Every structure is written in C-alpha cells, then in structure tokens.
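Asks: Below is a structure I'd like to ask you about.
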Amino acid sequence: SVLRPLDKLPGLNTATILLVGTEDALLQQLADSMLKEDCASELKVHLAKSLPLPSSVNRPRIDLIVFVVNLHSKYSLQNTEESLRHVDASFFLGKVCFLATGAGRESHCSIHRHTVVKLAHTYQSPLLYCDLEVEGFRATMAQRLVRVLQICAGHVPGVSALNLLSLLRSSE
Amino acid sequence: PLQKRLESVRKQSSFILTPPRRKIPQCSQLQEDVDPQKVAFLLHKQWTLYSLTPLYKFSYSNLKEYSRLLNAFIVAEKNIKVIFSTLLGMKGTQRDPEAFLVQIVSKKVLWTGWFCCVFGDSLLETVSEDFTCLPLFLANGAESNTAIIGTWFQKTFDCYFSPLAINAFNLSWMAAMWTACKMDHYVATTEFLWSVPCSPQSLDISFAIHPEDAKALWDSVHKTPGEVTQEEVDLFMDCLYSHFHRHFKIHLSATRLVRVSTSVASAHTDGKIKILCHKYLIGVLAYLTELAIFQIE
Amino acid sequence: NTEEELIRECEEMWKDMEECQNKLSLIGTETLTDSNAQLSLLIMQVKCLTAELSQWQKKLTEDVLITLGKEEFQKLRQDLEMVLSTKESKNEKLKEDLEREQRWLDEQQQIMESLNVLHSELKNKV
Amino acid sequence: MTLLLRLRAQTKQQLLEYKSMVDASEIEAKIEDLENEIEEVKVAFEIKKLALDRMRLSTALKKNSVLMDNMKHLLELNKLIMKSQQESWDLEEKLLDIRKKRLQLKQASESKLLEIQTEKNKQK
Amino acid sequence: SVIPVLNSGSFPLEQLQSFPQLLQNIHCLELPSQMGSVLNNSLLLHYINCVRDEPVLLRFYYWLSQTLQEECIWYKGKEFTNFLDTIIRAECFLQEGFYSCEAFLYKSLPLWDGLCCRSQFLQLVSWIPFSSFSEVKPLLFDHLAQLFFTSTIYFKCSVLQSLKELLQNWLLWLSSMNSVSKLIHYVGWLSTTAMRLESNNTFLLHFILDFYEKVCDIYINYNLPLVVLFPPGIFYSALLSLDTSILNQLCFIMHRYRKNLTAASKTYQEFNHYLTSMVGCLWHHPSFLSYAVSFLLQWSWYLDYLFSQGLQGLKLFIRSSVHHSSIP
C-alpha cells in the first residue's frame, strides 16, 4: 500500500508525524520528547518498523515523514531503502526528512556518513544529525521537529514544503 | 606558507568522493635490512595503537641522550633500564622516516614502544623540514609505563598520542583485505566477534569459518583480480549475514562488529592488533598508517 | 456579525477543499526506484513551482480591529523589556571591550618604542 | 474568535496547496529563477496585503484604561532605545579607528621585526 | 592539565616576569618547547604577534586541534567552557582568526545540536578568515541555515550578531567585493525568510536593522566603493511598522544611505523610489498616536514636543536628508 499525502482531510488544527525505524525504545523516547510540550495545534504521533504502513481505514493525514537511521547498523539502512519503495514521489517534495543518530561517535558509526549523505542528496531531502541518547540533544531535536512540522503543515502563512526544501537544500 | 595550502587541502577533504579500490597485497618476504629476530619479537605479540602528530626536532643520532632522559624522568616519577634501537627495512617509501624501538628492561623486557610510518606521504607532503613524521605508535606493556612515556613525549616533542579507533566499516574492509591475501599455511581459522548494544552486558556472538570455506566463498565473491572493491566487501558481509539468518533467523546486521581475526593478523576496535605472518606485515602497517593520517587530518 | 460570515466562508472553502481532494484522487499515485528518482522529483518540483506561481499570480468591523490593536500594544509592551536588557548588556559589553582595546593599544605602544629603539641601537652599533 | 480566524487561514493555505498540486498534475537554472520569481511576487503580495489591512487598522485607530500605561511604557522604553543606540554609535566610532590604527601598527611591527631579524642574521 | 606547564645570549623564558624585561629582551627571545602557556601569558603573545614563524604555526595548529578534539570527546563541561573562553580572549588579540578552531567547527557543526556550547561556538564564527563565498557555503553556511530555519528566534538574533561581527572583522581585515556582496545577499535572504517566519516579530527586526546600520558605512569606514541595498520586504515591514524606535532607526539608516550615496544605476532608482514612499507615508502615522494622546492631555506646531520626547534622529533625517522642508 503506497502512502499518499493527499488521501484524506486533516482535523481542525491537527498535525501528524510518522517515525519509521528499527529501535522501538528510541522511537518511544523521541515521541515522549515530541509530546513533552504541546503547541496550539493538536499533535498525533505514529511509529512504525517498516513500509508499507499497515492498512487502516481510520488513518488521518500524515503530513510529515521522518526516517530515523542509525549509523551503528546496516540493518537500519536496508530497512530504510526497502521501506522507501512504498511511498509516492510527492512525499519527497519536502514531506520527508532523515535523522541520523550516533553520528558524533565516529568510532561507533558502522556505516560511513558519506553513504547516508549521498542517499539524502540523491533524493533531495533534508538531512539532520542528532544524538537521541543525550537528553539535551533529544530535546533540541524535539522543538526542531515540532517547528518543522508547524512549517510543513501549513499552519504558518507564507511558506510550503517545497519552500522549506529550497531553504534546507544542500549545495552538493 | 605550508599552512595555507594545508587549509586548502583539508577544505577539499569532504565525504563526497567515492572510496577508492585497494590493491591486494602479495606474498612478500622480509626485506634484507629487516632482522628476522627483531620482527619475530615484534610479531606474535599484542599491540595498542596510537596516532601521533609529527615530531619536532627529532634526531636519530642522540638516542643515548633520549634513553638517559627517559631514565631520569622515570626515576623522578618513582633496577630498570631504557634501550633505544634503530630498525631498518619497514618504511613504505624513502620519504617515510626511519623506524625505531624503545624497550624497558628490568635488570626481561616489560614495555615496548614502536614509532613508524608506512606509505604515509600526505602528512610528509604537508610538513616542513624540521619535523619527523612517524604518526604510528604501537605500545606493548603496562599502561602506567605507557602513560609515563606519553607524558615525557608530550613535554619533550610537543605532541600527543591519541587512541586510534576502528569502526565497523574499516574493520570489515580490512577483514576482506586479509582474506584476499594468500596464505600457504592456514594456521588460524578466520573468526569475527560482535557485541549487541545493551547497557547490561549481553551476548557476544563469535562466528568462525574454516579457512578453506572462507577462501572459496571469497573467490566466489571475488570479481576484480588483485584488487578489493566496496561492492566486494558489501557482498561478503551480505553473504555472511544471509548465511547467519538462514541458520538462525537472526539479523546479525543489527550488531556492532568488535573484533576480526584471520590466519595472518587480528584487529580489535579498541585498538588491539595481533600479527602472525610477516609476508604481509609491511602492507598491514601501510593500511593502518592511513588511519593515523585520517585522525590527524 | 462578521464571525458568522467568516464561518460561512470557512465552510465554503472546506467544500472547495473537498472538491479538490476528490478531483485529485483519480490519479495513479506514483512509483520510483533509485535510478530514475532524481529526474522524476525534479520534474514534479518544477511542475509544482509553476502551478503555485500561477496560483499566486491569480491572487470587517471596528471592534475586531480595536481588540487586535489592544493585543498588539500589549504584546509590544510585554516584549520590549528583552530588547532593552540586551541593549544595556551590549552597552557595558562594548564599554569593557573598548577599555580592553585601550589597554592593548597602550601596551603595544611601549612595545613599539622599545622595538624601534632596539633596532636603532643595533643599527648604530654595526 | 482567534481560533476561528487561524483555522480559516490554515484552510486557505491548504486549499491553495491543493490547487497547486492539482494544477501540477497536468534543469536547475530554470528552477532557481522559479523560486526567485515566486519569492518576489509573494513578498510583493504580502507587502500589499499587510499594508492595506493595518492601514485600515491605522485609520480605525485614528477614528478613536491600560492605553495610558502602554503609551508611557513605549515612550520611556523607546527613549532608552535611542540612548543605547547613541552610546553604541559613539563606541563603534571609537572602535573603528582604534582597530584600524592597531592593524596598521601591527603591519608596521611585522615589517620592522622582519627587517631587524634579516639584518641580524646578515651580520652573523 | 589543559595548559602545559612552561619548561624554559638568548633571554631565558623563566626570567621573563616583567614588561620592561620583555621590552629589553624581545630581540633575543627563545621559542618555548610548548607554547600553550603562551595563551595565558600575554608576555609571549607580544612576540607571537610578530614572529611570523612557519614551524611554530604548525606546532600550535596540531597542539590546539588535538586539544580541542580531546576536550570535545571528553565532554560527552565547565572546564571546557573556561578553556574556550580563554581561547576566545586570545582570539580577540592578534586581530586574526585561528585555523584549528576553524577546522574543529567545520568538523563539529554538522554534528552540532545547537545548544552544547552555543555561546562558545557562535563567537568563533565571528573570527573566520576571509574566503570566497563559494567554498564556505557548501561546508559551513548550509548547516548554519539548517539551524537558523528551525531554531529559536533568540538563536536567530544570536547568529545575526555573529554574522555582523564576521562582516565587521572582514571589512577591517580587507581595509573580493563579489564575495562580500554574495554574503550580504545571503544574509538578507535569511533575514526576509525569518522575518516572514516569526509572524513579523520586531525582536529580530531590531537585529536586522542594527546589522544594516553596521553595513551602511562601508564607503566612509573602509574606503570601499560598494553599497548594498536591503530587500524591499524588510523596507516595507519596518517603515510602516507599529513601533516608534523602528521609525527612528529607519530614519537614521536612510539618512546614512543618502550620505554615503552623495559621498560618491538601479540602486539610485530604488533609493529614489523608497524616498518617495516614505515622504508619502510621512508629512498621521499610527505609531505616533501615543504622542497625540499626550498632545490631547497637554499649538498648531506639535513637532517640537515630539522632538523634545527624544527623536533626534528624526531631526537629522528631516533636516539633512529630505531637503523638501530644510527648516524645522
């Protein structure tokens, strides 16, 4: 089931986020950091291990896609590229983002960061580096994700997803 | 001067270029200047890795002065003696400086230090004439002696040793590199060690393959003769992972590689190196020599 | 009042949104692999850019104005204190930096006369 | 009230995005000129919209509590702003010339040390 | 120890304990075995400022770079902050940036969360060596924009201060022009994007305008015949804004722009268009209704009361720039 950003209608001032990865505990902690504070708009969090997403007739709009990647394991990579085949190209227009964890510890980074940099640059998608283990870094990434959600969801008048993509674009 | 072009070259150093293919080392006998007894003492021993900034005003002549200075520092810290020796034949090129050994003998050697650089020219290409570039240090002995020697070197030559670390990518590459090497006498089956990431100490998988089976699988996944390529390493790892999952339905790919041992040499992430066969020894150094540069740059 | 008209217009644009949703849904979504993803995404992006450019090219009562004005004066009065406090903090910071600058200038002065007199003495000696 | 108008605005942007998506259903320099042009036209549109709306607001205020508190606060705080601004202006004026003199003297000192070192090695 | 302990007819380094001693023995100084103690000893910094020696440059580069690496890896804090503060203090001297810090910041910026040592990081970007605006953007300014578009508004004001300090340092060093022009265009794009982003918050607008005042004096401060004009979005947002100090500093900035223009094609046309725009907006203004209420609490000519309230920049602008009514 290929996911589409333009399937249904969203709720009244409602925003949704999707997190796809392997480490369930890290996803739960990241969602806890997400919902530590709530803005004016209500927020829904979805966590999944792989794509295509399980079928559900009651699925609301998923306005943001975030893939967590650990440089500690190639298994998370293979998961990401296998899951990437179950989403349309329209999500790639600023509705998709990549968050790499553990990049600071160069000794613990199994795969080289050049690989994920090339992967992100190939699809022209934003790339973010953070460490979920550290509480401060996790919190900072928490307001970062909340506010990028606010930008992409259309809550603030003036910009869209393609605008922020042209903002967050890398030179090469 | 050198600083400006050095800034430019590390500005050009970005994680954008493809990883170049590496030439498989061939069976090479020990060089004539290489003393078999000295390397035999060096080989079949455990070594800890250290990366070093280039020496400032280092002379190979006043070795006795260095020995007595280290002895004075040691007795100041406190039936032992410090011996300096010069070792020939283990430089990658003529550009690479001469290598030397330092030993602690209790008047029975207890602590050994090796300073070397093989095929390391990028550091030598960005250095002035005063400095000596031997960024590779191998330590074998008590940690207290290593700390004391490091303190003396920091005070003397204005440099530090940094504990060099090896990631899973580099360790898998070097594993493929030595499994590409041809060994006449398979005296040690290849063996890999893993560690599941968990705060309490958990299972540590050790996976061993018979040398004949390993060589056959390698030659099956060997495409470019005399060269190793990233696709070869990736398919090697993928075949091992597929075999493991077929056996046990366990994704070994979600585990950290921590130690790789083969017939010729063995490496550990913390910086442990064991060397058995001299025929590829020199080439070994060259590879790990690049890592020192990659830590300096 | 104006609120009822705003609600009616909101319902109208909700109807327009539903119309657009059911209009767009009759398209095969997409399918891309690694090789041809880049060109496809570039084409989709340029199409969307042209569409939104064309769309943007195509493009109350006193009580609400008074309430919004009161709100904005309250916001300004309640947030100017941060910018003021920054203004003092930078004022004393610049004063301290200026004092340090005069200190360094003074020191390098006698440095200069000492260097010049030493150079002259060496020149005269030789 | 405020929730109603913010929902209205969000629905407006959503409708505009959906219209753009349905219209788009039918190199790099071209794309670059595209964001340039859209930025220019959008900036002009917001300039015009904000100008008209809060110019109407200004006229409504002209047609016409805590207002005295707000006005005295703004007066005093803006006076403090200008005092700080003047202080910063004079401080920066001093900083410019002192740093320029410092740089010129640094160049002169570097040249002097170079020449004295060269001649000192010269008699040696 | 973060700073190595110093170990020594050249003058001995230990005997160097007074300023006159350095004055007398500057010529016969000897380089230390380790120069880390040079950082906290200003006496050796005086000789370092002019030594211009190649080997000591590499020796200090490797020293400080490996020190920064080990401190950063050991951090994951107060001692690290103090060491970086000492490095920044030394960087204030020598009137030029270091390269070890530059390499460290390049390496750590992509991994940077934005809050570990933000105070320390943002003061190093101020002292960045002059370079063409074609290599730093792919490696440095991309992650800077990544943080800027997503971090706090106060962090935006912070990076604005950092970049304006960088611009000041670059102009000071130079006193080529394409690089600074591109930098100004890039920072202006960031400015307008964030000004839209924060629902038009004047807190960032103050930093925008202060930065632009620092920019507006290139020709008269560094003898560089280059003037860059701020985007019309900021122009219209600030000119007809609801804050009086905003009006003050806009009057000041257009006065400075006119002074720079008359000091030395499309730029003049846009400047004239802006002058017509504000002269149409000016001689009323909602921002002055406060004063008007005071005028009701307390006289055909009421501009003198406004002037006594402290709008001296307004006198400067309306007397020496517009020239339509030169007399007060």
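Chains as they are written, first to last, in the UniProt record's numbering: chain A, 2 to 173; chain E, 26 to 103, 116 to 144, 155 to 344; chain D, 19 to 77, 84 to 150; chain B, 40 to 65, 78 to 115, 124 to 183; chain G, 308 to 315, 337 to 404, 411 to 509, 529 to 617, 634 to 652, 684 to 698, 716 to 745. C-beta atoms are modelled at their ideal positions from N, C-alpha and C, and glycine is treated no differently.
#1: In the stretch 339-371 of chain G, which residues sit with their C-beta less than 7 Å from some C-beta in chain E, listed in chain order?
#2: Three or more C-beta pairs under 8 Å: does that hold for the stretch 305-314 of chain E against the stretch 214-227 of chain E?
#3: Among all the DSSP beta bridges, which residues are the ones paired with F121 of chain E?
#4: In chain order, what residues of the same chain have a beta carbon less than 7 Å from the beta carbon of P50 of chain E, not counting five sequence neighbours either side?
#5: Tell me which residues of the stretch 79-109 of chain A have at least one Cβ-Cβ distance to chain E shorter than 8 Å, keeping chain order.
#6: Looking at C-beta atoms only, is the number of pairs between the stretch 103-118 of chain A and the stretch 68-75 of chain A that lie closer than 8 Å three or more?
#7: If we ignore side chains and look at the alpha-carbon of each, how far apart do residue 675 of chain G and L689 of chain G end up?
#8: Determine whether the Cβ of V142 of chain E lies closer than 9 Å to any Cβ atom of chain G.
#9: Considering only their Cβ atoms, is the gap separating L4 of chain A from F93 of chain A smaller than 9 Å?
#10: Rounding to the nearest angstrom, what Cα-Cα distance links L557 of chain G and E83 of chain B in this structure?
#11: So, for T420 of chain G: in the same chain, excluding its five sequence neighbours on each side, which residues have a beta-carbon less than 7 Å away from its beta-carbon?
#12: Quick check on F96 of chain B: does DSSP put it in helix, strand or coil?
#13: Tell me the start and end of each unbroken beta strand (DSSP E) in the stretch 279-309 of chain E that is at least 3 residues and wholly inside, in chain order.
#14: Grab me the residues of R380 of chain G's own chain with a C-beta within less than 6 Å of its C-beta, minus the 5 sequence neighbours each way, in chain order.
#15: Just the C-alpha distance for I599 of chain G and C180 of chain E, rounded to the nearest angstrom, thanks.
#16: In the DSSP assignment, what are the bridge partners of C98 of chain A?
#17: Give the range of the alpha helix (DSSP H) segment to which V64 of chain E is assigned.
#18: Under 8 Å between beta-carbons, which chain D residues line up against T123 of chain A? List them in chain order, please.
#19: Can you tell me which of the three DSSP states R106 of chain A falls into?
#20: Determine the chain A residues that contact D476 of chain G at a beta-carbon separation under 7 Å, and present them in chain order.
#21: Using a Cβ-Cβ cutoff of less than 7 Å, which residues in the same chain neighbour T226 of chain E once the five nearest sequence positions on both sides are dropped?
#22: Are the stretch 124-135 of chain E and the stretch 140-149 of chain A touching by the rule of at least three beta carbon pairs closer than 8 Å?
#23: Express the C-alpha separation of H315 of chain E and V139 of chain E in angstroms, rounding to a whole number.
#24: List, in order along the chain, the chain G residues whose C-beta lies closer than 7 Å to that of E169 of chain B?
#25: Report yes if the CB atom of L183 of chain E is closer than 9 Å to the CB atom of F162 of chain E, and no otherwise.
#26: What residues of chain D sit near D596 of chain G, judged by a beta carbon separation below 8 Å?
#27: From the DSSP output, in three-state form, read off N187 of chain E for me.
#28: Find the residues of chain A that neighbour residue 120 of chain B, judging by a C-beta separation of less than 8 Å, and give them in chain order.
#29: For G137 of chain A, would you say it is in contact with chain G, using Cβ-to-Cβ distances shorter than 9 Å as the test?
#30: Compare the C-beta of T68 of chain D with all C-beta atoms of chain A and state if any pair is closer than 9 Å.
#31: What does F427 of chain G reach in chain D if we use C-beta pairs closer than 8 Å?
#32: Taking only runs that begin and end inside the stretch 543-597 of chain G, name each unbroken alpha helix (DSSP H) of 4 or more residues, in chain order.
#33: Compare the Cα-Cα distances from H156 of chain A to each of B:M40, B:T50 and B:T177 and report the closest residue.
#34: Would you mind stating whether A90 of chain A and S58 of chain D have Cβ atoms separated by less than 9 Å?
#35: What are the residues in the stretch 52-77 of chain A lying within 7 Å of chain D by C-beta distance?
#36: List the residues of chain A whose Cβ lies closer than 7 Å to the Cβ of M60 of chain B, in chain order.
Replies: Reading it off the structure:
#1: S361 and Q362
#2: yes
#3: Indexing the second sequence from 1 puts residue 121 of chain E at position 84. In the DSSP output, where bridge partners are listed per residue, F121 of chain E has E:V139.
#4: By one-based count along the second sequence, residue 50 of chain E stands at place 25. Counting only Cβ-Cβ distances below 7 Å, and skipping sequence neighbours, we find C228, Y327 and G330.
#5: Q79, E107, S108 and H109
#6: Yes, since at least three Cβ pairs between the stretch 103-118 of chain A and the stretch 68-75 of chain A fall closer than 8 Å, the two stretches touch.
#7: No coordinates exist for residue 675 of chain G; the numbering of chain G passes from 652 to 684 with nothing in between.
#8: Working through the second sequence from its first residue, we reach residue 142 of chain E at position 105. Answer no: the Cβ-Cβ gap between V142 of chain E and chain G never drops below 9 Å.
#9: Position 92 of the first sequence, counting from 1, holds the residue named residue 93 of chain A. Position 3 of the first sequence, counting from 1, holds the residue named residue 4 of chain A. The answer is no: Cβ separation not under 9 Å.
#10: Counting from 1 along the fifth sequence, the entry for residue 557 of chain G is found at position 204. Counting from 1 along the fourth sequence, the entry for residue 83 of chain B is found at position 32. Approximately 27 Å, taken between the alpha carbons.
#11: Here residue 420 of chain G is taken as the residue at index 86 of the fifth sequence, counted from 1. Once the five neighbours on either side are set aside, the close Cβ partners of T420 of chain G are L367 and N368.
#12: As a working note, residue 96 of chain B is residue 45 in the fourth sequence. Per DSSP, reduced to three states, the secondary structure at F96 of chain B is helical.
#13: As far as the stretch 279-309 of chain E is concerned, its whole beta strand (DSSP E) runs of at least 3 residues are 303-308.
#14: If you number the fifth sequence from 1, residue 380 of chain G lands on position 52. Excluding sequence neighbours, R380 of chain G sits near nothing in its chain.
#15: To locate residue 599 of chain G, count along the fifth sequence from 1; it is residue 246. To locate residue 180 of chain E, count along the second sequence from 1; it is residue 133. One C-alpha to the other measures close to 60 Å.
#16: As a first step, residue 98 of chain A is located in the first sequence; it is residue number 97 there, counting from the start. DSSP lists A:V67 as partners of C98 of chain A.
#17: The sequence position of residue 64 of chain E within the second sequence is 39, counting from 1. Unbroken alpha helix (DSSP H) run through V64 of chain E: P61 to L67.
#18: Within the first sequence, residue 123 of chain A is the residue found at index 122, counting from 1. The answer, in chain order, is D52, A55 and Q56.
#19: As a first step, residue 106 of chain A is located in the first sequence; it is residue number 105 there, counting from the start. Looking at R106 of chain A - three-state DSSP - the assignment turns out to be coil, as it is neither helix nor strand.
#20: Reading the fifth sequence from its first residue, position 142 is the one you call residue 476 of chain G. Here the neighbours are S171 and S172.
#21: The count along the second sequence starts at 1 and reaches residue 226 of chain E at position 179. Only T237, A261, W265 and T309 meet the Cβ criterion.
#22: no
#23: Here the question's residue 139 of chain E lines up with position 102 in the second sequence. Here the question's residue 315 of chain E lines up with position 268 in the second sequence. Approximately 24 Å between the Cα atoms of the pair.
#24: Within the fourth sequence, the letter at position 110 stands for residue 169 of chain B. Those within 7 Å of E169 of chain B in chain G are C378 and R380.
#25: In the second sequence, counting from the first residue as 1, residue 183 of chain E sits at position 136. In the second sequence, counting from the first residue as 1, residue 162 of chain E sits at position 115. Between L183 of chain E and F162 of chain E, the C-beta gap is smaller than 9 Å, which places the two residues in contact.
#26: Against the fifth sequence, residue 596 of chain G aligns to sequence position 243. Correct list: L100.
#27: Here the question's residue 187 of chain E lines up with position 140 in the second sequence. DSSP places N187 of chain E in strand when its eight states are reduced to three.
#28: Because chain B is numbered from 115 directly to 124, the model contains no atoms for residue 120 of chain B.
#29: In the first sequence, counting from the first residue as 1, residue 137 of chain A sits at position 136. With 9 Å as the cut-off, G137 of chain A counts as an interface residue toward chain G.
#30: As a first step, residue 68 of chain D must be located in the third sequence, where it is residue number 50. For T68 of chain D, the answer is no, since every Cβ of chain A falls outside 9 Å of its Cβ.
#31: Translated into the one-based positions of the fifth sequence, residue 427 of chain G becomes position 93. In chain order: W128.
#32: List check, alpha helix (DSSP H) in window: 555-568, 571-575 and 585-592.
#33: As a working note, residue 156 of chain A is residue 155 in the first sequence. Out of B:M40, B:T50 and B:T177, B:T50 has the C-alpha closest to the C-alpha of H156 of chain A.
#34: Counting from 1 along the first sequence, the entry for residue 90 of chain A is found at position 89. Counting from 1 along the third sequence, the entry for residue 58 of chain D is found at position 40. Yes, Cβ-Cβ distance for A90 of chain A and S58 of chain D is below 9 Å.
#35: none
#36: Against the fourth sequence, residue 60 of chain B aligns to sequence position 21. Within chain A, the residues near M60 of chain B are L7.
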